[PDB]
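Shown next as structure tokens: one chain only, the form deposited in one PDB entry.
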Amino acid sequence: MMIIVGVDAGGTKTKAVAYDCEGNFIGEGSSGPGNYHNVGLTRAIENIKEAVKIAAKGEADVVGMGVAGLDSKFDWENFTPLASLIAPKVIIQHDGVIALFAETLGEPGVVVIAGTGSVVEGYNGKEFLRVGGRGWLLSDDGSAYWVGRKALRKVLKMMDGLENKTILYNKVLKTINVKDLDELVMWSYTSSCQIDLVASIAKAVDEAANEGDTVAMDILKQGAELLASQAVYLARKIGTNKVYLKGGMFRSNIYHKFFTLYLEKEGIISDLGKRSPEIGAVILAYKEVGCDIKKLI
């Protein structure tokens, strides 16, 4: 026997699933962020190692992982060595790769990730191409963090009396446990660089949007179209008329709607896909150790 573990290490959570080499599910586990840009190398590795240990219920023989944050030769150099310590055999890819291959099983295609951050990544069958996916300051259009920041800035303007307060106002304050501008200021001193925390506010935006807040809908719409525009670009670029949609942001029905309406308008078909990204990581591990992908899917 042998224990194969697939891990999807993101900006909010790290998800791992463990299997046999015979397509038999053994377990699952989850932990905090695996994006070292968000929590530091020690925490990221520790979280990944924890999710793996949990899902495998001990030691794993092989671990395949898709990692958010591997956005430069630099990142790969800093992360690869340490991540390679978690199991005798470890395969490392960008998180966009495992998300796509979970669906295309390795074939050409384009996937859009809208989670804590965002990215549009595709495979030509020869090379991987990506647009965006370079961190919260430089990119991550339409990501949960993007949405969260937009929401926070709007609440402040409502607080300043520059705009009418809407449902969003209370939803957001509650989520971050703030009651007034004074607590918001203090909150900013301590929480401004907590990426997953800012991104968590996206849920509040969705809540408001579902309860009729047009201001929240507007935020979701702008973010969704900004990211979708990039998906259309890479789709034409690669030559495919279909893209897969993955990530926590797509849990927002409104976000998803605006995203697909924009894609449809551009002649692009969207698919939420069938499998989770960690399954794509297991697929990669299987290929690495010779286990048959057929028993898996």
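In this text, residue numbers run from 1 along the sequence as written.
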Tell me which stretch has the larger mean Cα B-factor in this entry, 150 to 158 or 103 to 111. 103 to 111
Mean B factor on CA atoms, stretches 36 to 44 and 61 to 69, record says higher is 36 to 44
Of the choices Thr214, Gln194, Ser188, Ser139, which one's C-alpha carries the largest B-factor in the record? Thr214
Select one of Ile238, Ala55, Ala228, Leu245: the residue whose C-alpha shows the highest B-factor in the crystal structure entry. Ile238
Chain-relative C-alpha B factor for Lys203 (record values, thirds): the lowest
Of the three thirds of the chain ranked by Cα temperature factor, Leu173 occupies the highest
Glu77: CA B-factor among chain residues, third -> highest
Among the modelled residues of its chain, does the C-alpha B-factor of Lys13 lie in the lowest, middle or highest third? lowest
Binned into thirds over the chain's modelled residues, the C-alpha B-factor of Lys89 lands in the middle
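Only in words, not in the display: the form deposited in another entry, which the text now covers.
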Can you let me know which of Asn177, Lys274, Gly212, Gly58 is the hinge position, looking at how the rigid parts move between this form and the one not shown? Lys274
Comparing against this form, do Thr240 and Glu288 have their CA atoms pulled together or pushed apart in the other entry? The difference is 3 Å or more. closer
Assert for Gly122-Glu288 (C-alpha, 3 Å or more) in the other entry vs reference form: pair closer
